[PDB]
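Below is one structure; the comments refer to it alone.
Protein chains in written order, with PDB author numbering: chain X, 8 to 56; chain 5, 2 to 97; chain j, 7 to 119; chain 6, 557 to 606; chain 4, 1 to 458; chain 2, 2 to 345; chain b, 119 to 189; chain T, 2 to 139; chain i, 36 to 73; chain H, 2 to 54.
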């Protein structure tokens, strides 16, 4: 048909690259460190975690 | 007391060279079917001199197989010496 | 544990349960999905895709069973723990509280090359 | 002299599997006498009664 | 991470799922692409190394070493194509699958986060390699290469699992390298030698000492078509790096007994290269290079004191290419003339003029002209191993002589007049002959421009 | 005829269910006394002059094997006079239990038998049933478990996994090659047994599967090694990738499941700080592998297809549950830290 | 400047993500040191329901006045 | 039982070389017998009543080796220094190669016996010396 | 006129209709039990 | 593995013949009977591994 065989597979990447983003929510447990490492007042630590 | 060392020396009736050998298998199979009475009598005293009153049937059940089963294994000893006419433990054919 | 010869007792109510889209349950029956494809190939099917009524009913079986079995596994590792802390909690005499100290204290060896 | 020492292991064992098969052939008497040595030799030897 | 294992396992049904002969080009096309992903999130730090998950830090470590591992895969199908076109497609679908089935673990290993994923994956090969050697051999001596390849590799790597399960329950948990922040030393006993000796000797039996290499030319002399898995088995060997994860720590302070591994491989380095001069079979001649200036790392690793790791890393991937590529030449020149006997092929260099400069740039990088990686990977060896004791300059200074007569004698054997009887050897190296022979010297020399990307932490 | 063969073949497990279910020394006599009574006719079916010179070398070798036991039951009826099933209260009991019970399993000695029966039973069909008799006795040893002289059950073990190893390297008939290396795997599970006796069963189930799926494969016609050469170019090649996907996994290599018992067992046998025992076991199962390699160089090397042999017909055997097992005999390693906490 | 903010992050993650997963760890070396200080060595107490064994069941005993005055 | 071996050990390890060796030399021979005697159950015979004695001719040993091994340490013991060192109690092993060589033919044993029965001596001492256990419980 | 048995065909389908139903019948029930119990 | 079904459901397979003092149909004792009810009373709530000591 449309050749599912072909480049449909590279879509496996973003499939996977999302999974590496599934964990960061459960690895949040430290927002606190002294090395700057701040998560101090900003809306930066707030994103990505 | 003493009756427990006889019969015990009797229950070394096993003696195994004379348990499988030498030929006339019927002698081997024999000292087997009389390996009982060393199991029976020995267990017909300890049950008895002290009153267990309950295991007393066990002596009966030590025969009812000892005859039933040992009478099976006689059967084969026809099949061996049917095809031969002499038992003679000296048949080895299946090897390893 | 208790209520012997039970696949799982009533106490497993409090566990999540292990619902689908976990890689294993998908993987479970995958190893069956590569099993079905065999099932043809032994006899010279020679389809390599043969009737979907054999080429399915496997995948149906595994993941159901793989699922229905994972429900108790996760349980067991819970009753393992449960029975540990509750013992670790009592007999505090067998469980000391270590002190706090490191730098300015400990010496190591000290063996450089 | 690298190949003598290690492949000596090859033709070391493969011979001892010729003494565990060849010399055991046959004679149902010959096994049975040897269970008896084993069942006594466990008496004298060691912890087995202790 | 899953960014990698998932597409490369997604490769697996990119192949059979396809049609007839489109298969080769189908997978060679994609298999290159993954190399963008290879660099993609990698070549981050640097300092305070990358660990992105619980059980994976892909490679941080400054042992990048993984980018190559993802090269050599779609260098095979350009390599392996020659005589594998002569049997069936459902078997040809296999040989591409197990070959991937290797490539999937070498991504798992080199990360491993720990010791005990390493091992079960350190032994997890030999299922895929052993099957490529025994089938699709050439001679009938192959059947013994099947055994010898085991019964060493597996022979002494079981004493790992006796030792690594001994550490797991002794001090804390080995679950993670990145926590060694508590490590006590190993002082001495008649027990601890064994511990150190058990945690070591399994690795040596891969990167050979001058003993117990008895397998290495047995498997390479007779081995699959293209060197198809012979290129891979020159990755596998150097992957004994993990001794870099241990001997840095985890019994640091026994150097006491190091000497039987120094003077044993340090006098073999001057040795087995010299038993390589009279060889009459060419794929043997290269197989003994591979011992020699590989076995120099074992005197780089045992000594502490970086400037060795500056130079020990560059070597694992130094011959990682040069020693790869030579097995690619000696393959090609064998397609046309069916003896591997070195003598027989002479009077070339007239008949294949463009392939002249291919031999040369190969045989020139064992000479190690100064600018390339090779010397800048050797001259951090000599600088620290000199300070060890001044006398190391002699033997490993001799290594730098016999190796030069070594290489040339292989080229200069192919400069002669021979017309002789050959009506064969017509093909003037159709592109794949010179295409797959490139993608080595182009990427190899190139790195010398910014050669801070091959270095350890030190 | 055909009904009873399911009455007999049912009474076996009824012979071994009274073994695992019972409190009472008498019943564990009657229990595996009626196997040696109810096994025997299965051997027969084709009435040949081997089976009948086989089951008679079996019979009287499981006759005494039992009949000693009844002597080591009635010893501790004297002392303590309490039957049931627990440590044996007296050393002449146990030492007359465990080293006269090793006859049914046969361990390091007491095997001139396992090759004399398994070879040349004309019935190869099964002969899978000689995986029951591994399962009756163990279901004593798990109970009696805290009484052994402890210098023995290892001394029959370590003289076993060795002696069953070397036994086969010299063998061709492949009913023997399974006969041998089935003493071997009786070396691992009763070497553990005093330390943490579960993680034995683990090796007991993984064993009942793997040896099971061999035979069901060895059933089409297959008999002698050089009749497994005429296999791939004749019957089906999808068969050969199977017999290579197990025989390797059965000695075991870590990506398979055959590596699963060892990998766990040594977690147990060290941590008890015996590290000089397991290497010698760990290292001896090595040359237990060189049967299988060199068995597996028979079928993938295309060795002289038999002769002009034309089998155009399809198959009608019973593969029953073979289309499962080598997805559970292989791929299960990735799955389970269950086996230590599941059966426990 | 264009790439670093297009792809990966700085020591707001690959630092103090290790902080994150070393409390998924140092609690895994707490609970493998308390088995081997309990399981392996219980010991002579056989206290906790681990090395516990069967003994005999005192339910099945009989208290009735059986017939013989002395027993 | 644990008996003999234990007795010797809790005897004269490094000193009182006489009783020890006299024991280690007699126990080796005793062990040797066992195997010779065993050879009659599994292996048969043909030289009649006296034959077993003839058979024993091949086992006319073990005892010799046992004696010698003890003797080496007996002679040594307090010799040059403490023969208690790992490398030392070795020495009793190798003389063994020579022993077997003497017993039968040459080149194809006497080294190996000296070699391997050399290698496996030291471990014993080295074993209890670090406190190793082969058969244990938690 | 394809000739399977047309006897059993659909049982395996019908059976799975039971199992998944019964599976979730135990699941959608037991999910609340955790909270009902906790 | 010892399942102990007769514990779960109701039946008695054996459990009666087991020990020296249970019933004895007309209530007649053994000689050493009186020391059973003494010795079982000792180790019951015990786990038998400390019983020996």
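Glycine included, every Cβ here is placed at the ideal spot set by N, Cα and C.
Residue i, enclosing alpha helix (DSSP H) - first and last residue
i                     : result
residue 42 (chain 2)  : 41-45
residue 95 (chain 4)  : 89-108
residue 33 (chain 5)  : 26-34
residue 43 (chain H)  : 34-43
residue 89 (chain j)  : 64-95
residue 60 (chain i)  : 46-72
residue 46 (chain X)  : No alpha helix (DSSP H) holds residue 46 (chain X); DSSP gives it neither H nor E.
residue 557 (chain 6) : Note, residue 557 (chain 6): premise wrong, no alpha helix (DSSP H); not H, not E.
Three-state secondary structure (DSSP) of residue i
i                     : result
residue 281 (chain 4) : strand
residue 227 (chain 2) : helix
residue 110 (chain j) : strand
residue 10 (chain j)  : coil
residue 174 (chain 2) : strand
residue 301 (chain 2) : coil
residue 129 (chain 4) : helix
residue 28 (chain 4)  : helix
residue 199 (chain 2) : coil
residue 99 (chain 2)  : helix
residue 341 (chain 4) : strand
residue 19 (chain X)  : helix
residue 23 (chain T)  : helix
residue 188 (chain 4) : coil
Interface partners of residue i on chain 4, CB under 7 Å
i                     : result
residue 112 (chain j) : Neighbours of residue 112 (chain j) on chain 4: none; closest Cβ ~10 Å, over 7 Å.
residue 51 (chain X)  : Neighbours of residue 51 (chain X) on chain 4: none; closest Cβ ~19 Å, over 7 Å.
Same chain, Cβ closer than 8 Å to residue i, neighbours up to 5 away in sequence not counted
i                     : result
residue 3 (chain 4)   : 37, 40, 41
residue 209 (chain 4) : 261, 264, 265, 268, 295, 298
residue 85 (chain 2)  : 24, 25, 26
Chain 5 residues whose Cβ lies nearer than 7 Å to that of residue i
i                     : result
residue 584 (chain 6) : 21, 90, 93
Proximal residues of chain b, C-beta to C-beta of residue i below 7 Å
i                    : result
residue 40 (chain X) : 134, 137
residue 94 (chain j) : 152
Interface partners of residue i on chain 2, CB under 7 Å
i                     : result
residue 135 (chain T) : 275, 277, 278
residue 13 (chain 5)  : By Cβ distance, chain 2 contributes nothing, its closest Cβ being about 10 Å from residue 13 (chain 5), past 7 Å.
Chain-ordered neighbours of residue i on chain 2, where CB pairs are closer than 9 Å
i                    : result
residue 34 (chain 5) : Those within 9 Å of residue 34 (chain 5) in chain 2 number zero; the least Cβ separation is about 10 Å.
Cross-chain neighbours of residue i in chain X, by beta carbon under 8 Å
i                   : result
residue 7 (chain 4) : 16, 17, 19, 20, 23
residue 3 (chain 4) : 20, 23, 24, 27
Where residue i meets chain T, residues with beta-carbon distance less than 9 Å
i                     : result
residue 149 (chain b) : By Cβ distance, chain T contributes nothing, its closest Cβ being about 17 Å from residue 149 (chain b), past 9 Å.
Integer Cβ distance of residue i from residue j, believed to fall under 8 Å
i                    : j                    : result
residue 13 (chain j) : residue 78 (chain j) : 6 Å
Same chain, Cβ closer than 6 Å to residue i, neighbours up to 5 away in sequence not counted
i                     : result
residue 251 (chain 2) : 211, 259
residue 118 (chain 2) : 55, 59
residue 66 (chain 4)  : 59, 110
Chain H residues whose Cβ lies nearer than 7 Å to that of residue i
i                    : result
residue 11 (chain j) : 4, 9
Contact set for residue i: own chain, Cβ-Cβ below 7 Å, skip 5 residues either direction
i                     : result
residue 17 (chain j)  : none
residue 334 (chain 4) : 340
Residues that residue i contacts on chain j, provided the C-beta gap is smaller than 7 Å
i                     : result
residue 166 (chain b) : 93
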